[PDB]
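Participant: Have a look at this one before I ask anything.
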Amino acid sequence: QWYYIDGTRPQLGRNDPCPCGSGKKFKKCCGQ
Amino acid sequence: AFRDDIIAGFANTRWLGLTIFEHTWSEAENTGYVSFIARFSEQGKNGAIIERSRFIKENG
Amino acid sequence: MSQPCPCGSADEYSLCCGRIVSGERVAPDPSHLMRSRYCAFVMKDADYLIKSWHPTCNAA
């Protein structure tokens, strides 16, 4: 059985392809 | 302990979607990770959580 | 008409995250657990969030 414990905010640059898949940059899609 | 913290957090956020973009786990570690974007709105403003949560295995 | 999982998985809720929240199916990996806790936030199910929090955090 799995349990949630903690988390971190992964490092992702502002110009990289947004993980949202929107094609746009990170500082454009969802990481303003 | 948290229980009322948890209920109280319900009134404040409206969730709008979950996108998982990375996932790893391993039996030998009893650990895994899930990276995700969780979109929401609070008091009428859109925002997005980007986070890599860590999970661990106990029993089974 | 029916009820695609707020998972975002395009499965019926009762066959995606709902089986896990109900206690009927153990979550097979961290990705499924993450999805099911996101559902519990959407569905404002504080008891499932408590139950899927690691015991040392004392979520109750």
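By order of appearance in the structure tokens: chains A, B, ..., then residues from 1 within every chain, and ligands from 1 in the order shown.
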Would you list which chain A residues are within 8 Å of chain B using only C-alpha atoms, as a ChimeraX atom specification?
Facilitator: /A:1-10,19-20,30-31
Participant: Using only C-alpha atoms, which residues sit within 10 Å of residue 13 in chain A once same-chain residues fewer than 5 positions away are excluded, as a list in words?
Facilitator: residues 18, 25, 26, 27 and 31 of chain A
Participant: When the cut-off is 8 Å and we count only C-alpha atoms, which residues of chain C are near chain B, given as an MDAnalysis selection string?
Facilitator: chainID C and resid 6:8 29:31 34:35 38 41:42 44 46 50 54 58:60
Participant: Give me, as a PyMOL selection string, the contact residues of chain C against chain A at a cut-off of 9 Å, counting only C-alpha atoms.
Facilitator: chain C and resi 26-30+33-34+37+51-57
Participant: Can you tell me which residues surround residue 25 in chain C at a distance of at most 12 Å, considering only C-alpha atoms, apart from same-chain residues fewer than 5 positions away, and format the answer as number ranges by chain?
Facilitator: A: 1; C: 14-20, 32-33, 36
Participant: Just asking: which residues within chain B are strand (DSSP E or B) according to DSSP, as an MDAnalysis selection string?
Facilitator: chainID B and resid 14:26 31:42 45:57
Participant: Taking the DSSP assignment computed from this structure's backbone, write out as a ChimeraX atom specification all residues of chain B that belong to helix (DSSP H, G or I).
Facilitator: /B:3-10
